[PDB]
Amino acid sequence: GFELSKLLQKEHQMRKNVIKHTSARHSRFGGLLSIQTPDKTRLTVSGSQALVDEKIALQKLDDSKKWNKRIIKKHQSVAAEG
Amino acid sequence: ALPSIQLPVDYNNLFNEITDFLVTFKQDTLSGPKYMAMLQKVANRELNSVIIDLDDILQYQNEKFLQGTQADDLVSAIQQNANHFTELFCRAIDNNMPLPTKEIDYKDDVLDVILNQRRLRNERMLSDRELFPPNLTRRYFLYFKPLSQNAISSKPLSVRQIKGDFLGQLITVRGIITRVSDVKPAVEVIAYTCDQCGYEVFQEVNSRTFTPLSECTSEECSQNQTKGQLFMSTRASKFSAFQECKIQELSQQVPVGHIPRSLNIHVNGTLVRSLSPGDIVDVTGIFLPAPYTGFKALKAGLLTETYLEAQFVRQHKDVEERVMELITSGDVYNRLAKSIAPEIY
Amino acid sequence: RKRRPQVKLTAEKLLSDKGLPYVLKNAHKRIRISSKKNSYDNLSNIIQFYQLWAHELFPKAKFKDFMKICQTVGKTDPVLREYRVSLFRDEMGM
Ligand SMILES: [Zn+2]
């Protein structure tokens with residue numbers, strides 16, 4: 001129970017850091033933000049937590065892309081041997 | 001596949017006639033062009049309803065006949081096909097839009113800021129070291145008013161007298177409105193925003209159904225071919241106050257042994273909510289068909305419904321001096337008793 | 001039917017006005033490392049300018065993937081290598 005209480009404290013701190021990023025309102029509560037670089041441009045992100053801080057908005061703009069690079073895998077050839 | 005025919009109506013000459021009529025005509029019979037003053041009030045945001053009167057057009061072509069020249073019978077071309085001529089008059093108004101003469105209040109208009117940023121986009125991208133649909137920028141709702149006392153639109157018709165040959169034409173009906181639905185917003189331009197390229201796209205709606213756009217078709221978004229997902233924005237979308245109501249044939253117009261028929265009237269823009277249930281009204285509107293989409297259009301085939309896009313609505317229906325005259329008449333009780341229901345004794 | 005080649009990070013792309021000349025023009029102006037700020041804010045300020053530069057240059061790839069393809073192009077393209085030695089030679093000449 002001692003180690004269990006410490007694991008729940010660690011889980012509570014990680015859950016608090018997760019729900020910092022979580023929007024306070026619901027999902028359909030639509031918030032659109034236009035960020036500009038000092039080179040004048042308009043980039044639109046959709047979120048409520050990303051409205052206030054720049055880093056969550058830039059993490060959204062990084063995460064909104066659907067193209068992923070190839071990561072080659074060794075395919076775990078150790079299991080082929082007995 | 002699509003063979004072509006020739007018709008004796010020139011749209012370019014008729015468009016020139018419309019854009020000369022907008023700057024030429026002035027009504028001095030009541031006692032500067034008055035329609036230009038109305039478009040100036042549109043530019044000053046004074047009014048949102050522009051009513052083109054066909055009696056004014058008939059008097060304008062009569063004045064042209066007095067000058068000795070001849071028109072191309074513009075009012076008959078309005079009465080034959082008013083649906084294309086609505087957009088033609090809208091483009092003629094947009095070609096002759098006056099400059100605003102008062103405070104713009106630029107903070108309220110979001111579409112002005114969006115189009116300013118898109119013109120910045122266009123000058124920056126094409127620096128090299130139509131952009132918007134016309135219904136998005138339109139703040140005015142166009143209506144038509146039929147000619148009277150001067151000819152099919154002038155003659156009022158029953159619901160049963162409206163036939164299949166009256167589709168596409170400006171008609172007039174007399175009837176009692178049975179059911180009026182709630183005022184609902186109907187879209188005309190949908191705005192989608194790209195989360196990657198930061199651009200927009202506008203999709204126009206001219207049907208009962210529409211499909212959304214999934215991926216952006218921007219030049220910058222497709223040059224690097226990133227697959228940005230489009231997001232619909234209701235803030236920059238173009239809306240209209242649409243209301244559907246049902247008009248019924250009057251019982252005097254119904255022949256003996258028949259059941260009255262009902263017709264659908266769709267009102268848009270500033271003409272909304274004037275229709276009331278249980279009200280005998282005259283409705284002048286463009287008689288347009290209502291086509292389906294998809295499987296209903298495939299199964300029902302050529303058999304298509306219809307509706308009415310209303311353009312003008314007319315209601316069929318000192319006092320103290322008359323009260324004092326009734327006082328000096330004397331015996332108000334007996335006079336108001338015996339005057340009510342004169343068939344009894 | 002050859003319709004289109006899918007775009008990658010190329011030698012003409014780094015040598016544009018929007019690219020590494022943008023870095024030489026504006027990186028010393030934009031990047032500020034201060035001892036008063038903690039290390040998270042300093043590292044995020046390092047990442048932020050390069051992330052905006054990546055989203056202006058090659059927006060198709062994610063930012064870690066962008067650094068991986070920059071590593072691949074820096075190992076591969078010779079025009080980028082002679083540009084990289086030209087920058088160093090121009091600064092030691094002065
Ligand atoms: Zn895009």
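Please treat every number below as a calculation from the coordinates, not as lab data. No Cβ is skipped: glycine too gets one built from the backbone with ideal geometry, and neighbour counts run over all protein chains shown.
Descriptive notes on the structure:
- With only Cα atoms counted, the range B:185-273 has Rg and Dmax values of 21.3, 72 Å.
- The range B:273-345 and the range B:205-264: distance between their alpha carbon centers, rounded to Å: 28
- Centroid-to-centroid separation of the range B:11-37 and the range B:135-187 [C-alpha atoms, Å]: 23
- Globularity index of chain C is 1.27 (Cα radius of gyration / 2.2 N^0.38 Å, N = number of residues).
- Zone residues, the range B:82-98, relative to residue B:73, backbone N less than 20 Å from point 7 Å out along Cα-to-Cβ: B:82-86
- Extension reserve of the residue C:24-residue C:4 stretch, reckoned as 0.36 nm per residue once the Cα distance is removed: 3.9 nm
- Shape call, the range B:225-345: gyration tensor on alpha carbons, a/c limit 1.5: oblate
- A Cα-only calculation for chain B places Rg and Dmax at 25.8, 99 Å.
- A P(r) calculated from all alpha carbon pairs of the range B:1-158, with 5 Å bins opening at zero, reads 2, 6, 14, 17, 17, 14, 11, 8, 7, 4, 1, 0, 0, 0 percent.
- Translational diffusion coefficient (Stokes-Einstein; Kirkwood radius from C-alpha pairs) of the range A:20-68 at 25 °C, 0.890 mPa s, in µm²/s: 211
- The mean number of Cβ atoms from other chains found within 10 Å of a Cβ in peptide B:222-229 is 5, as a whole number.
- Measuring between alpha carbons in the structure, the pairs from A:20/A:65; A:40/C:60; C:25/C:62; B:227/C:18; A:65/B:107; A:16/A:55 lying more than 28 angstrom apart are A:65/B:107.
- Net +/- balance of residues flanking residue B:172 in space, Cβ distance below 10 Å, scoring K and R +1, D and E -1: +2
- Test item: Cα-centred dipole of chain A, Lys/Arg +1 and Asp/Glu -1 on Cβ, debye: 220
- In this Cβ point-charge picture (+1 for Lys and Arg, -1 for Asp and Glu), the protein assembly as shown has a dipole of about 3820 debye about its Cα centre.
- Shape of chain A, Cα gyration tensor, a/c cut at 1.5: oblate
- Peptide ranges B:79-91, B:105-117 listed from the most packed, as the mean C-beta count within 10 angstrom indicates: B:79-91, B:105-117
- FRET efficiency for residue B:106 and residue B:335, using Cβ-Cβ distance with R0 set to 51 Å, rounded to 0.05: 0.20
- Degrees between helix A:54-63 axis and first principal axis of chain A (Cα, 0 to 90, nearest 10): 60
- Projecting the Cα atoms of C:53, C:27, C:80 onto the dipole axis of the range C:12-81, where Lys and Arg carry +1 and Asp and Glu carry -1 at the beta carbon, places C:27 farthest toward the positive end.
- Measure of compaction for the protein assembly as shown (Cα Rg per 2.2 N^0.38 Å): 1.45
- Extending 7 Å from the Cα toward the beta-carbon at both residue A:15 and residue A:81 defines two label points whose distance is 4.5 nm.
- Angle between chain A longest axis and helix A:2-21 axis [Cα atoms, degrees, rounded to 10]: 30
- Among B:98, B:117, B:201 the positive-end extreme of the charge dipole of the range B:72-226 (Cβ point charges): B:98
- For the range B:85-150, the dipole from Cβ point charges (+1 on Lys and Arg, -1 on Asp and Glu) about the Cα centre works out to 80 debye, to the nearest 20.
- Stokes-Einstein diffusion coefficient of the range B:70-195, Kirkwood radius over Cα pairs, 37 °C, 0.692 mPa s, in µm²/s: 170
- Square roots of five times the Cα gyration tensor eigenvalues for the range A:1-46, Å: 38, 15, 5
- Charge sum, other residues only, whose C-beta stays under 9 Å from residue B:199's C-beta, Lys/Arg counted +1 and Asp/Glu -1: 0
- Partnerless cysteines in chain B, where a partner means another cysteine C-beta under 4.7 angstrom, comprise B:90, B:245.
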